[PDB]
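# sequence? don't have it. structure:
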């Protein structure tokens, strides 16, 4: 005979990382609203991470970002046009610089969503990491308004949580956005308000910064008569609610017994 | 020693079928405009394939569709609501029925794109099949207009052919659409006008047909005060231009030496 239940040639089954799944659903969701996804460098200049986003030196707004400062000689940190950029080096504290980046290299109107690994000098506990992921949004063009920001988030929420879901917007402060705002989503099987991310209408001084950088690069102004809305949305938090993960520290851990648990998901 | 160029354990490399690639790029393209993809049955009723699309019996418009008629006893052909449907059975001559299908089961506004295998009694040569694939579009809702149909196609063309591309619209006749139209795209590296598919503003008698079927099913009217645009776009043709395939007969052929040639593509 040939015992037909007898285990077969055990080949390797691959899998994706929790964050990858979550990042994916995220971009998939936004690309159906016409957002295209681009990435940026993890090692950034202070000019892109801070100055171009209206976060100035010795300003009390920089305390929202506990920053890793890097040193090192002979390291080409390439700018939006591949030009060699100078400036005091650091690790991205948010993906936000990518939108100054992108705006210099392209022209309105556009929709983009940018994922990335981001860094903060913070104490690794169970609901906090020193290294985690953000997903940015930027929609710039003539006529764009805050109604469209709300619309986007409303759309995000509908897709991540179903019809029984609703979104909440509250004023809050970011230097690179005014009117600024924090947004929360209502998740039915939890009866809970999720603080998801921050957002707003991209700040006049940001547009100014990019058009200025443009000139230095010899490019034409492109952001004098357009408006925009950006948002920043933290991904681990969201992945935790979705896959039911009790501890953020797991993501960076390497535990196969952990990773393997996600082979199924789609 | 250990000769390190010496071929390694030869494992199996998989691949996708030319049509699958083309179907995919297609849906990917349209899902970024907010179209969602649904499918329909390959075995259809005359009511869905013809009557509900304003293609009546012994009408000279049915000659655009050389049809396979099926016979057979004890075969549940399930309708939009899973209800057992009756009617003279055939093979889909186009994917178009799917939009009557969908409209009965859902309510406006929506964007859908429907791929499918479709059949025609025709002589298998090099630029013709008896079995090939179509990709349908349907965008229905308040305010929808022909400008939006053109916009869609313009968008399709931009993405399949680059900026140097342009689209051409000419009046043409379909019973399920008026104003009706054929559309062609301009493909630069070919200096050629591609006749891609047909389209138009979904016909008043179609909306009427679905709302009528709805009543029979006990559902409420949903298409009295909405407009719509559909399009039908043949996929093999497009795949042939893209992957450079000289002969449609290859798609249904099974030649590994042929299929294997497409493992790379993305």
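Noted; the coordinates are in hand. Residues are numbered from 1 along each chain as shown, chains lettered A, B, ... in the order given.

# can the longest helix seen in chain A be found next to chain B?
In chain A, assigned by DSSP state H, the helix with the most residues is helix A:146-161. No. Helix A:146-161 is not in contact with chain B by C-beta under 8 Å from any C-beta of the partner chain; minimum separation 9.8 Å. Placement of C-beta: from N, CA and C, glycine included.

# go on, stretch A:94-114?
No. With C-beta under 8 Å from any C-beta as the criterion, chain B is not reached by stretch A:94-114; the gap is at least 9.6 Å.

# List the buried residues for that stretch?
Judged by neighbour count using 16 or more other C-beta atoms under 10 Å in any protein chain shown, the buried positions of stretch A:94-114 are A:94-105, A:107-108, A:110-114.

# ok, then the element right after the longest helix of chain A?
Downstream of helix A:146-161, the first helix or strand assigned by DSSP states H and E is strand A:167-171.

# From the contact counts, what lies against that following strand?
The contact analysis (3 or more C-beta pairs under 8 Å, 6 or more residues apart in numbering or on different chains; DSSP states H and E) places strand A:167-171 against helix A:146-161, strand A:177-187.

# how about CSV for these, with mean neighbour count added?
Putting those into CSV (neighbours: other C-beta atoms under 10 Å in any protein chain shown) gives the following:
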stretch, mean neighbour count
helix A:146-161, 18
strand A:177-187, 20
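
# Please produce TSV containing those, extended by distance to residue B:8.
Formatted as TSV, those follow (distance: least, C-beta to C-beta, whole Å):
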stretch	distance to residue B:8
helix A:146-161	43
strand A:177-187	48
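
# Please name the nearest non-neighbouring residue to residue A:48.
residue A:97 (3.8 Å; C-beta to C-beta, 6 or more residues apart in numbering or on different chains).

# ok, now residue A:98?
That would be residue A:40: by C-beta to C-beta, 6+ apart, it lies 3.7 Å from residue A:98.

# Go ahead and confirm residue A:182 touches residue A:195.
Yes. Because the distance of 6.4 Å satisfies C-beta atoms under 8 Å, residue A:182 is recorded as touching residue A:195.

# any idea how far residue A:236 is from residue A:174?
Counting by C-beta to C-beta, to the nearest Å, the gap from residue A:236 to residue A:174 is 20 Å.

# whoops, residue A:49 was the one
Counting by C-beta to C-beta - residue A:49 and residue A:174 are separated by 14 Å.

# Comparing those two, which residue is more hemmed in?
Set residue A:49 next to residue A:174 and count neighbours by other C-beta atoms under 10 Å in any protein chain shown: residue A:49 wins out with 26 against 22.

# Determine how far the longest helix of chain A lies from the middle of the whole chain.
Distance of helix A:146-161 from its chain centroid, counting by C-alpha atoms, centre = their mean, to the nearest Å, is 16 Å.

# residues making contact with it?
Defining contact as C-beta atoms under 8 Å, 6 or more residues apart in numbering or on different chains, one finds that helix A:146-161 is touched by A:25, A:29-30, A:33, A:137, A:139, A:165-167, A:169, A:179, A:181, A:183, A:185-188, A:196, A:199-201, A:229, A:231, A:233, A:238, A:242.

# Can you flag the buried ones in those residues?
Among those, the ones that count as buried by 16+ other C-beta under 10 Å are A:25, A:29-30, A:33, A:137, A:139, A:165, A:167, A:169, A:181, A:183, A:185-187, A:196, A:199-201, A:229, A:231, A:233, A:238, A:242.

# Contact partners for the residue nearest the centre of chain A?
Centroid check for chain A by C-alpha atoms, centre = their mean gives residue A:135 as the closest residue, at 2.1 Å. The contact partners of residue A:135, taken as C-beta under 8 Å, 6+ apart, are A:23, A:26-27, A:95, A:113-115, A:232-235.

# and the nearest residue to residue A:79 once chain neighbours are set aside, what are its bridge partners?
Nearest residue to residue A:79, sequence neighbours excluded (C-beta to C-beta, 6+ apart): residue A:85, at 3.8 Å. Counting by DSSP bridges, residue A:85 is bridged to residue A:77.

# OK, contacts around residue A:85?
A:45, A:47-48, A:77-79.

# Give me the distance between it and chain B.
According to C-beta to the nearest C-beta, to the nearest Å, residue A:85 stands 29 Å off from chain B.

# So residue A:93 belongs to a helix, correct?
No. Under DSSP: H, G, I helix; E, B strand; the rest coil, residue A:93 sits outside any helix and is assigned coil.

# Near it, how many other residues are there?
22.

# Now do the same contact list for it.
Residue A:93 touches A:49, A:65-67, A:118-120, counting by C-beta under 8 Å, 6+ apart.

# Could you rerun that using 10 Å?
A:44, A:49-50, A:55, A:62, A:64-68, A:118-121, A:134 (C-beta atoms under 10 Å, 6 or more residues apart in numbering or on different chains).

# Same check on residue A:175?
For residue A:175, the contact set (C-beta under 10 Å, 6+ apart) comprises A:50, A:53-56, A:59, A:61-62, A:64, A:203, A:205-206.

# give me the element residue A:136 is part of.
Using DSSP H and E, residue A:136 sits in strand A:131-141.

# Can you tell me which residues in the stretch 1-150 of chain A are near chain B?
Residues of the stretch 1-150 of chain A lying close to chain B by C-beta under 10 Å from any C-beta of the partner chain are A:11-12, A:28, A:30-36, A:111.

# of the residues you listed, buried ones?
Neighbour-count burial (16+ other C-beta under 10 Å) applied to the residues of the stretch 1-150 of chain A next to chain B gives A:30-35, A:111.

# Mark which of those residues are part of helices, please.
If you go by DSSP H, those have A:30-31 in helices.

# out of the buried ones among the residues of the stretch 1-150 of chain A next to chain B, who's nearest residue B:7?
Ranked by distance to residue B:7 (C-beta to C-beta), those are led by residue A:31 at 40.0 Å.

# list the contacts for the closest one?
Neighbours of residue A:31 in contact, by C-beta under 10 Å, 6+ apart: A:37, A:111, A:113, B:28, B:31-32, B:34.

# what separates the residue of the stretch 151-266 of chain A found nearest chain B from residue B:159, distance-wise?
Per C-beta to the nearest C-beta, residue A:155 is where the stretch 151-266 of chain A lies closest to chain B, at 9.8 Å. The gap separating residue A:155 from residue B:159 is 22 Å, by C-beta to C-beta.

# swap in residue A:15?
32 Å.

# Residue A:242: helix or strand, and which one exactly?
Residue A:242 belongs to helix A:235-243, assigned by DSSP H and E.

# Return the set of buried residues in that helix.
A:235-242.

# Next: stretch A:65-77.
Neighbour-count burial for stretch A:65-77 flags A:65, A:67 (criterion: 16+ other C-beta under 10 Å).

# That stretch spans what distance, first to last residue?
21 Å (C-alpha to C-alpha, to the nearest Å).

# returning to that earlier point: filter the buried residues of helix A:235-243 down to the ones close to chain B.
Applying C-beta under 10 Å from any C-beta to the buried residues of helix A:235-243, none is adjacent to chain B.

# need those residues in TSV with distance to residue B:218, can you?
Shown next, in TSV, are the buried residues of helix A:235-243 (distance: C-beta to C-beta, whole Å):
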residue	distance to residue B:218
A:235	45
A:236	47
A:237	44
A:238	40
A:239	43
A:240	44
A:241	39
A:242	37
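
# between these, which is closest to residue A:5?
residue A:242 (35.3 Å).

# Pretty sure that closest one sits against residue A:25.
Yes. In terms of C-beta atoms under 10 Å, residue A:242 counts as a neighbour of residue A:25; the distance is 8.0 Å.

# between the two, what contacts are shared?
Both residue A:242 and residue A:25 are contacted by A:160, A:265, under the criterion C-beta under 10 Å, 6+ apart.

# Check which residues of stretch A:186-195 are buried.
A:186-187, A:194.
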